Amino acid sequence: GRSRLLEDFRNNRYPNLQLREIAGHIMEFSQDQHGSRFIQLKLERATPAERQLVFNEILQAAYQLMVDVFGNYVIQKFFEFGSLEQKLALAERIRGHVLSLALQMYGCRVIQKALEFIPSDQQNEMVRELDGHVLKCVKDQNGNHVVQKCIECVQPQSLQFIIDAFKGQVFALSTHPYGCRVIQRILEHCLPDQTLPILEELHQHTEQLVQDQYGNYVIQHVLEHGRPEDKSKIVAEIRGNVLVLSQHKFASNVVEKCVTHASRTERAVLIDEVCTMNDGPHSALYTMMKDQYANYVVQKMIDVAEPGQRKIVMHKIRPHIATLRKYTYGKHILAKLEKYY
């Protein structure tokens, strides 16, 4: 199976092997773990000539290396460190196989690297090959990385077909493990005409989203990167429920982002909500203090409050200081207090 040259090479019988010396053997070395490493080592610091010898032997069977556990790296190097004519020629090799490669464990790495390095003409061609399979890729463990890369590298206007697919399914997709990632990429890179319809569906399901294992990240993302108007719509869903949400494993992360990225007014009102609100005998603030998740919200409130309001929070915390020691998470608030005293 292995040629004598590859066999002997593996037994380390060529300590000084040069790229030039494996002529006629590139495909086989490429498909071998050490040989492939060999080729990659030798490529970054190889003359364009030596690079072209290697290329002549991988072009025709390029696909075969794209979907091979060791061969895909050799192809990728050509997309990075290759030449503007070698990259184009490999794009040709991918043509008609974009879908199949984007779902492939190894090919999808080649599709990704190619999108970063090819011209927009070749990008827009790769993209269009996913026309009709947007959701299949978004949900696939390889494909969703390719769709993310498209959104990051390709002109937003050529991505309109992905948006079309997401319309009406934003809630479902935001609660999906890969879809929430793709949603986040769309908010970062897409045009208003595209992000707006998607933001409308997010606002419509904020309540459910903030408590969802994956949805909470999409809402956090908006708070961290969104327009003030989108932030405020979200902040308005949290107001009235600060105490409850801050005790939730997922939504508590969102409440924190609210506290952190809300406008001054919105922030003051959120912190005041639990300074003023009672939970039975004592403040909401106090119940939060003892909670495995809420204590983090309390601390974040202490962090970002305006100095005058920090005083208010301190005053509410002060009377419980001794009894805080008895509670597992209360203890952690004590730690935060040292800072401020």
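Start at 1 with the first residue shown and count on from there. Take the two forms, find the largest set of C-alpha atoms that superpose within 1.5 Å, and that set is the rigid core.
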- Larger mean CA deviation from the shown form in 8 other deposited structures of this protein [core fit; 136-144 vs 267-275]: 267-275
- Query: Line up the rigid core: which moves more in 8 other deposited structures of this protein, 280-288 or 47-55, by C-alpha RMS?
  - Reply: 280-288
- Query: With respect to the recorded C-alpha B factors, which stretch has the higher mean value, 215-223 or 129-137?
  - Reply: 129-137
- On average, are the C-alpha B-factors higher in 21-29 or in 7-15? 7-15
- Task: Tell me which of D164, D230, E207, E85 tops the list for C-alpha B factor in the record.
- Result: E85
- Query: Going by the deposited entry, which of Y178, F250, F79, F171 has the highest CA temperature factor?
  - Reply: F79
- Item | Chain-wide C-alpha B factor ranking for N56, given as lowest, middle or highest third | lowest
- Query: Going by what the PDB entry lists, where does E201 fall on CA B-factor within its chain: lowest, middle or highest third?
  - Reply: lowest
- Message: Is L65 in the lowest, middle or highest third of its chain when residues are ranked by C-alpha B-factor?
- Response: lowest
- Classify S120 as lowest, middle or highest third according to the C-alpha B-factor given in the PDB entry, relative to its own chain. middle
- Chain-relative CA temperature factor third for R264: highest
